[PDB]
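Chains as they are written, first to last, in the authors' numbering: chain 1, 386 to 643; chain A, 1 to 258; chain C, 1 to 254; chain 4, 164 to 322; chain 5, 4 to 117, 133 to 353; chain 3, 9 to 335; chain 2, 14 to 353.
For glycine and all other residues, C-beta sits at the position ideal for the given N, C-alpha and C.
Structure first, then comments.
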Amino acid sequence: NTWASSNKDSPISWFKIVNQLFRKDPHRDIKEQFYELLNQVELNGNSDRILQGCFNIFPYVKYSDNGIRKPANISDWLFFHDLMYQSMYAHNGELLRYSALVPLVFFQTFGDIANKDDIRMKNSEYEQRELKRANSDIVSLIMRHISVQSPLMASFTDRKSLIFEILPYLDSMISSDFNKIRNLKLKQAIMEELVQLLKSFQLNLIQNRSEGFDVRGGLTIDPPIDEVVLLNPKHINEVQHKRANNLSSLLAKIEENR
Amino acid sequence: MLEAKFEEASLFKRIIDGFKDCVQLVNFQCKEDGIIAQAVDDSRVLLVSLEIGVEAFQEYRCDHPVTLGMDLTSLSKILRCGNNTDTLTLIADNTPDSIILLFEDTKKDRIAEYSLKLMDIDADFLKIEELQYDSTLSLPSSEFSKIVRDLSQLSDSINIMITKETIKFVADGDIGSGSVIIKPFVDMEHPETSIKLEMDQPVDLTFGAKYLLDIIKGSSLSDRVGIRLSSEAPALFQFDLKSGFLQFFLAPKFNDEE
Amino acid sequence: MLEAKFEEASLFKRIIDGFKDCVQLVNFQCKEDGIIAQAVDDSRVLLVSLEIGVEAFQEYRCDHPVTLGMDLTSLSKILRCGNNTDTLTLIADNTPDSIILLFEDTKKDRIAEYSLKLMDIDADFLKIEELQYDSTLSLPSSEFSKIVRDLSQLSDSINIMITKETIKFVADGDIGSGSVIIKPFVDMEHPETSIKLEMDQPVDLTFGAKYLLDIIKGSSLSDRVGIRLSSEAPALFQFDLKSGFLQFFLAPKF
Amino acid sequence: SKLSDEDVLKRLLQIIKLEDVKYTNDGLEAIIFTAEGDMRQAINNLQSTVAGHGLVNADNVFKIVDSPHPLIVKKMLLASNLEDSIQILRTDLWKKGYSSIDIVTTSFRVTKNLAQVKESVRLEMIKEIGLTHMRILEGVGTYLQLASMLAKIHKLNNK
Amino acid sequence: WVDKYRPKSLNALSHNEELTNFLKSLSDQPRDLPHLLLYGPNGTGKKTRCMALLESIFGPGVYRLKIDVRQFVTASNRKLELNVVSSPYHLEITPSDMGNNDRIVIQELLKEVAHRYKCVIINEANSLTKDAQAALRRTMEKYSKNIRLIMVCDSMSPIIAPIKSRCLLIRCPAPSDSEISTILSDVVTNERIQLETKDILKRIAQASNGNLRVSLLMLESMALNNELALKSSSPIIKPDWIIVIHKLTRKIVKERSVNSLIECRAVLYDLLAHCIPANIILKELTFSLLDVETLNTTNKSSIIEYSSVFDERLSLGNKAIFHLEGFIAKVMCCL
Amino acid sequence: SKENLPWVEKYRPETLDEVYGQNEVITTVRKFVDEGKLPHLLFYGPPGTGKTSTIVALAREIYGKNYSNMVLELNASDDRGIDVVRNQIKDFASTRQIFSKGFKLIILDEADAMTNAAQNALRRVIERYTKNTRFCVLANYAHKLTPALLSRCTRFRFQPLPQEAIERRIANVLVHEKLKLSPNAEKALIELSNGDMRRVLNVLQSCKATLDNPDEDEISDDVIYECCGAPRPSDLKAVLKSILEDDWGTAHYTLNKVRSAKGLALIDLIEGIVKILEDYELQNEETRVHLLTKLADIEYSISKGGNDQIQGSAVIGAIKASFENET
Amino acid sequence: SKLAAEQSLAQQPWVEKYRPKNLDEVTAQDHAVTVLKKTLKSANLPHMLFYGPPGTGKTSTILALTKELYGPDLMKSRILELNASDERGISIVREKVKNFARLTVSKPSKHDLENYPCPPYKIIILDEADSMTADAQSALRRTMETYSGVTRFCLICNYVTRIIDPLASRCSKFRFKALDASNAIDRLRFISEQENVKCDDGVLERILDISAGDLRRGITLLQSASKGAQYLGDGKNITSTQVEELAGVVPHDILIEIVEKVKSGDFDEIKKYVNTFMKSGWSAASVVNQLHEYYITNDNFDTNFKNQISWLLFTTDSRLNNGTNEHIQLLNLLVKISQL
Ligand SMILES: Nc1ncnc2c1ncn2[C@@H]1O[C@H](COP(=O)(O)OP(=O)(O)OP(O)(O)=S)[C@@H](O)[C@H]1O
Ligand SMILES: Nc1ncnc2c1ncn2[C@@H]1O[C@H](COP(=O)(O)OP(=O)(O)OP(O)(O)=S)[C@@H](O)[C@H]1O
Ligand SMILES: Nc1ncnc2c1ncn2[C@@H]1O[C@H](COP(=O)(O)OP(=O)(O)O)[C@@H](O)[C@H]1O
Ligand SMILES: [Mg+2]
Ligand SMILES: [Mg+2]
């Protein structure tokens, strides 16, 4: 148990301040608690991380609920914080003094005596930002591939239209169950059109042979469209099993054409 | 196969010094009558073109042309092991994934051997040289370097103007303007210092100083530099080698074009 | 008008090397008896003052004084075309907007000509030189440069102390302290290596090492350097030219 | 910690005794009031008043040093009627050359450090002040923006 | 496929005859041509019409284009990598491929580039930051004899007024359902599709809302499910994100609580992480929430007001989920 | 020659007797300098009040005509960092004068743009070297200065120029130039100044240029209003009356014809109507709240552009709905 | 030389072809050009700050002034033009602008002084000063205050609020007025006659009416109408309907349909009609402006309704001026005005 020297010289972990922002002590004046919390938020200088902590915690916190309006009032503050944070890169940081007020709105609105347990937290945003960057880089690479092959397609394809319209249909076409098609000629014609589409988008079939002793090196599409299109974890498993048989048939047809 | 042995590694090192910085990728091709190499910068305003005949080598054998592309930076990184006096042999098979540089001292003693990874570049050698240019002139290359180094300080553009018996280099920018005027003359006390000029038509072209600065490097390969100008094509600056030459073709600025 | 031709562009290039870095703006004035120039740094602790008499030139013509101010950096940028052996002619009309530098080789061959834009500077030449200084000393300038280069490493302040027959340079800082002690002496084997000292009063002044470092550049203009110190005024470090001199006046610390 | 009134008064009395200065009780009171626990600022204001007028009187101290800025801003924000606050802002702050940025920023500080009113109304007033601060930083800083900020603060205080 | 059957000239256009005639009029004299801004709904065919107009201003080689790369250095050592679509008569830049570094690429590339002129196609001009638009403001006027801009956008709302004034404005109205049906007819007769009844094509138009790019893609997607033979009751193929948004609205109108707000935030995160813009998400969510017959006019008015407010918030913010969750919570509080 | 400088630069005060408006601070500074006790000064005030002119004339009176050499004047145009402080300011404070004997003066003009680290390094330079040099900090916003640096200097607030001093300067300019000015024109000129001598001098030069004559005539209100593009009180009150009493369509037509006959701007009309309605003794403050809020919103929207007609109709409707609560 | 310039101007769009080259070509901004012409004979040009709506002629006015002052020879040597397409941070303002200001004026030639006044100062203009950060703007304060003897500063902007108060006080404020039909009909008729633009009686005045104080957009619309009338080759005159068709103006009947749907109709019918109307590409700003004109001009609505419609249109325009979705904003506006 070592903490005395910490109370002596160290501040309040931003996590401890977030858990304190959702706690009300019934034995102290609400105004004194508010000024103590304001001083702790100001001394920390990291108002953004405290607010992101408050944003991740508030849905799991117990708060006397009438119609979940409290959340509607806080979306307007959070929007005010985002405008203020954008303006900090444009203007000399005079606006930084108001950044400590937004976390204190959580204490006013959601602070309750019921919140005795510390809720642990994480950083979904850094993971979402890195994932959004990776997905944007994949999409930027597909858009470059279209620009090099499809001379006209590139003029009609916006980044948003590519993500929401073109890629989901392209993936649905590749993942379609060819085993239901009894007509061999029609199966061959569809496979020739799909090989032409894979060529127009420059989608390479790579045999991932990274399989420890298990006799099925899964075929993967490069770039992996699957990571951009497949939002639903249930659909990922169904699509992976169907694709494995289709991709082997498509690879054999690409090799035949080569 | 490629098998070219330079008497002195120094010659190859100076040649590569010429491609250095101004271009990133170089495409070499060895054949029965020698080695050629071409490199174009990203903006496509400068082409560096080399030709080394069979006689420039101490030993050259070619029964099957080989084309190979490589990163210039990687090559120069390796091109400081020649001791200048070392012997250098370039070696490659008919379908290479690498180029071998073999430096050896006279005695069996020390053998530095490198295996440089190659890049795949679509073979597309340009043949933009003209039959006749509006004007042709040669002068000591050290003199040309000084002329370029003077004017460069004043502007990002250096104009070359030619009229009967007159060659004039001019730069004009923020701090002021400058000019260097030279006149044709035959020095019998040593003709390597003469300044020749053959004008079929007066010319007046502007070039980006950054590019002329890249070009002056050729001084290290030849005492004189030949400059051929035309209003119909890129200008040619040429540095002769014993059996060969290093050429720089530079597109005039349109008004803003390097 | 201004019309001054230097035999060797090199002399002018070394002179400007002296103003270089330590000052930004220089005010030149040509007249019947030659050319003078003054430049003061931003903090006003250093004044660089030049005088080139008519005889230092191969050709000089002046029927009407001209004062012209310019950016030192712009001038040096242009001052590397002299080939050192090239001939240099400074040219300007009576009401100039520019200064023309004309470098020519002996033969008609190559002519590099520059037209430098001038700056307007309120003419206000200082005349801070003293009649008598507490102490005066001269010694080889390469020796003075070494002395300055030694001590500079130790501190941002180098103290010069003078007592009868003794000159002592001292620096004291973080890593320790250093000192260089020199004594007056006449070397007949070649008097350009002698160290003279005339002391009317012992002196003890401190200077910012960064400034002494700027000053040592004058070594390239003269074999010897004259140092005149006083407790009443800026110190004078002087580098003689054939018909002329380059002077650096430096204000002591507190 | 801050220096109480007694300590600064004692130090100023010692300095006056050591300097033989003509003073009065109201002048020293105004000096200590404008000092706000700042001994250095107190001695500086005392010396400036002495060298500017000779007699340390409240009139001289007030004419050579304006009243504590935050106090007029607090009196403006704590006004009960809109016209009183508007007249205070016009005469005391705007007609004397106080920039709008200083007024709004001093305003934010006063509110943050306010204790007369509750927490929620203080947060709403800070929100309105900060919206005015936003508008002002964009170059729209005028008297109309501060008047609208005061009107919104009063509307919040208007139940 | 959309790309296999696309017009390459002005005489090959098959809808908006008045727009084709206006383009022919504007291309009659090509040298005295001002800058152009094509605005209208997304999927109308403005990017095809701009290339068709270039095909009238220049030779047929305008479609033979190539993709190159250009590197840029910002104020720091972060290297900006941008690919360029270039042609021997024009070039295309899309500043929507990066963050706040649009101004650098715009100014430097356009200054380097600046019949007799070379056309420039700025794709998705709505993503151009205000600083990049301000930088382009004077570049549009200083170099008017060598560089002509053809900016393709879907809404002139984020475009500043100076840029709007500095170029002609050309509106591209979405084609009528009849023209879409006629185009789908030619496509299915060329692709050899089997239609039991023609009216299904009309329904495709009624499911596309004027979008031809979406119409042809959906027709081809449902032609693969029916095995190249469309019947009288072939199901309509809807994108996955539209189904997710519809399920989200069902969850909204079914349950209004914080526990459901958590899973709503999770769905919003899963939608945003898969390259789906938040403005389109908000638009579709609001439009499909207004379609809920359980609500009344009082609820729909508040919903549209909150959607406009939070659309302004999202256009003024950068953390899109911070506004999306707020709008969802306000809608939950309204219902 | 001084005849080429603009009127703002040509008429810059060179002595402390030419600085009008500021009397309580000018006399105190003169006494500080005559008696010898000149503390560290902090001239805080709005632009165009005469802080730079005051400190320049003060340094001239202190050091003479050689002011440009015995004073270290730094401003926002020059690089003012922490290293710049450490080297230049400390070397200036620690050393002495090269031209005469006496204390030094460091004029940190526009020091509200300095870095926090620079002020933190300078606050100990001011306290250490205080027997041989002084510090003068000029500021427009007192919030950009650290409280430590703000407490070491004696603060002087430059009030806006009053009517008497600005009229005295106008009379001085009318004496120096072959120009005549109407009394009502002079009053209108003082009204559109807000205590800014720069604006007065600029518009005076501009209306002298507008005269088109060899200056044998006078400058009336029409010249000033047409040159500065400012609305007249007559048209202002006419628009306000037509908005308050007349019909909606008639009010729209009146506003349109007024703003299109003289090319007036909607923002100037907004500010004028705000200034006029400030004297209106009104009922329950709800009308004032609504009026101020809506007018500030419309002004902030105009500050970013939009449709001028829509914004004018918005102003009309806002004023009307605000006054509808007064019944 | 000059003939190449004439041909390049003749092969240039009408916006750049008819750019004012002299101070007399300015048609409506007379108050500013009068002072600019008077100071042309004197030598006391002050620091200027041009501000106003876009397309009023600020850049053209300053270019014509600099030309008439310096001649086509000194036009390229005594001018420092900095636009928004260049870097204008603190570093640039401190190094480049200050070095150019501290430099001396270039010597005029013998031909310059014989035809042009050749003032003893140079001009540094900063176009689109709205993008300049406030610190880089405050850095210009003493730069323009101390070197005023050798250089003069001309700021150009659209929103005068984006420039800090000290800079706005140091420069003389010149407000450029909107170019409506009254003060620009002469220039529009001159442009039409110089290009043989055969139009009807009320076309030009209508064009500026669509321009809303913008001569550049009016000239562009006139050029488009002339091209569309020359392609047809019918030899008839341009009509106001043909002009408002290509100007993005919604037809009167389509607007009357919107008025009927707003007056009579529920949320569902209004939403369906808005979804149908958004299929045909129309700018929401123009629709809002036309609705505002119709509602405020029509003498058939109550004043209480008029205050609310004006405030709602103001809010809708303020929201649309931020890059929002046109469909959502238009639907919200129509729904809010339907509840009235
Ligand atoms: N009190 C005054 N008396 C006479 N002229 C004045 C006065 N104040 C300002 N002026 C005039 O306005 C010009 C500018 O004055 P400055 O001192 O530079 O303004 P300022 O008070 O320093 O405000 P800044 O520089 O924007 S922070 C002077 O050159 C005078 O022509
Ligand atoms: N007063 C005018 N007289 C004649 N032509 C004008 C006038 N104002 C604008 N124009 C025309 O419009 C063109 C554009 O002029 P500009 O000066 O660039 O407009 P602007 O005020 O700069 O708008 P910006 O740059 O968006 S703020 C000119 O080349 C002229 O053809
Ligand atoms: N004139 C035309 N006739 C028939 N189909 C067309 C025509 N113009 C475009 N299309 C097709 O209609 C769809 C329009 O979507 P898209 O091309 O993305 O629009 P945009 O050109 O605006 O980007 C595409 O399938 C396109 O090929
Ligand atoms: Mg000042
Ligand atoms: Mg402009």
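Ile111 (chain C) reaches chain A at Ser179, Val180, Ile181, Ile182, counting residues in chain order whose Cβ is nearer than 9 angstroms. In the three-state DSSP reduction, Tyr233 (chain 3) falls in the helix class (H, G or I). Cβ atoms of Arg106 (chain 5) and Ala143 (chain 5) stay farther apart than 8 angstroms, at about 14 angstroms. In this structure, the C-beta of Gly48 (chain 5) approaches ligand 3 to less than 7 angstroms from one of its heavy atoms. Taking the Cα positions, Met54 (chain 5) is about 8 angstroms away from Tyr66 (chain 5).
Taking a contact as a CB-CB distance under 8 angstroms, the pair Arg115 (chain 2) and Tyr160 (chain 2) counts as one, their CB atoms being some 6 angstroms apart.
Looking at the DSSP output, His93 (chain 5) bridges to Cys137 (chain 5).
When C-beta atoms of the stretch 139 to 158 of chain A are compared with those of the stretch 200 to 216 of chain A, three or more pairs fall below 8 angstroms, so the two segments count as touching. In the structure shown, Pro140 (chain C) adopts extended strand secondary structure according to DSSP, grouped into three states. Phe169 (chain C) is classed as buried because its beta carbon has at least 16 other beta carbons within 10 Å across all chains shown.
A residue is called buried once 16 or more other Cβ atoms fall within 10 Å of its Cβ, and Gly496 (chain 1) is buried on that count. Proximity of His305 (chain 2) to chain 5, defined by a Cβ-Cβ separation below 8 angstroms, is not satisfied. Nearest neighbour of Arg165 (chain 3) by Cα position, chosen from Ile34 (chain 3), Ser311 (chain 3), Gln317 (chain 3), turns out to be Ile34 (chain 3). Between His265 (chain 2) and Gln317 (chain 3), the gap from beta carbon to beta carbon reaches 8 angstroms or more. Exclusion of the five residues before and after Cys212 (chain 2) leaves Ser205, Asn250, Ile251 as the residues of its chain whose Cβ lies within less than 7 angstroms of its Cβ. Following the DSSP letters along the chain, one finds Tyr114 (chain A) in no alpha helix (DSSP H) but inside the beta strand (DSSP E) bounded by residues 111 to 117.
No heavy atom of ligand 2 is found nearer than 7 angstroms to the CB of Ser98 (chain 2). Between ligand 1 and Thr57 (chain 3), a heavy atom-to-CB distance of less than 7 angstroms is present.
Chain 1 places a beta carbon closer than 8 angstroms to that of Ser239 (chain 5), counting this residue as a contact.
In this structure, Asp148 (chain 2) lies near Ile103 (chain 2), with their beta-carbon atoms less than 8 angstroms apart.
For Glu81 (chain 3), there is no enclosing alpha helix (DSSP H); the enclosing beta strand (DSSP E) has its first and last residue at 79 to 82. Within the chosen limit of 7 angstroms, ligand 1 reaches the beta carbon of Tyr19 (chain 3) through at least one heavy atom.
Taking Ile70 (chain 3) as reference, the option from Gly56 (chain 3), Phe51 (chain 3), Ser108 (chain 3), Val93 (chain 3) with the minimal CA-CA separation is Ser108 (chain 3).
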